[PDB]
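Participant: I am attaching a structure below and will ask some questions about it afterwards.
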Amino acid sequence: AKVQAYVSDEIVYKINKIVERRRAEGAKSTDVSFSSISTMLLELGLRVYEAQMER
């Protein structure tokens, strides 16, 4: 599947959903952010973290 658009860390869409889930739930402080939720992810190496999406 190759429809234009350069191939990059598609995971970008995965971390984007997490950060949003923060406010959607009622998060606080403006500390939440893609790069922010991303660093914490590397600690899990997208391991069990990728399970949250399951099939």
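Letters for chains follow the order of the structure tokens (A, B, ...), residue numbers begin at 1 for each chain, and ligand numbers begin at 1 in the order shown.
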Identify, on the basis of only C-alpha atoms, every residue whose closest approach to stretch 4-17 of chain A does not exceed 7 Å; exclude the query and any residue fewer than 4 positions from it along the same chain; express the result as a list in words.
Facilitator: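 That gives residues 21, 34, 37 and 38 of chain A.
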Participant: Could you write those residues out with C-alpha atoms, as an mmCIF file, in the first residue's frame?
Facilitator:
data_model
loop_
_atom_site.group_PDB
_atom_site.id
_atom_site.type_symbol
_atom_site.label_atom_id
_atom_site.label_comp_id
_atom_site.auth_asym_id
_atom_site.auth_seq_id
_atom_site.Cartn_x
_atom_site.Cartn_y
_atom_site.Cartn_z
ATOM 1 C CA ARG A 21 -7.558 10.665 25.775
ATOM 2 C CA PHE A 34 2.317 14.483 21.719
ATOM 3 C CA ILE A 37 2.971 11.258 25.868
ATOM 4 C CA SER A 38 5.594 9.877 23.448
#
Participant: Could you tell me how far atom CA of residue A:31 lies from atom CA of residue A:19, in Å and to one decimal?
Facilitator: 10.2 Å
Participant: How far is it from atom CA of residue A:45 to atom CA of residue A:18, in Å with one decimal?
Facilitator: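 Value for the atom CA of residue A:45-atom CA of residue A:18 distance: 14.8 Å.
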Participant: So how many Å separate atom CA of residue A:33 and atom CA of residue A:20, to one decimal?
Facilitator: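 Computing the Euclidean distance for atom CA of residue A:33 and atom CA of residue A:20 yields 8.4 Å.
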Participant: Could you give me the residues within chain A that DSSP places in helix (DSSP H, G or I), as a PyMOL selection string?
Facilitator: chain A and resi 11-25+34-44+48-51
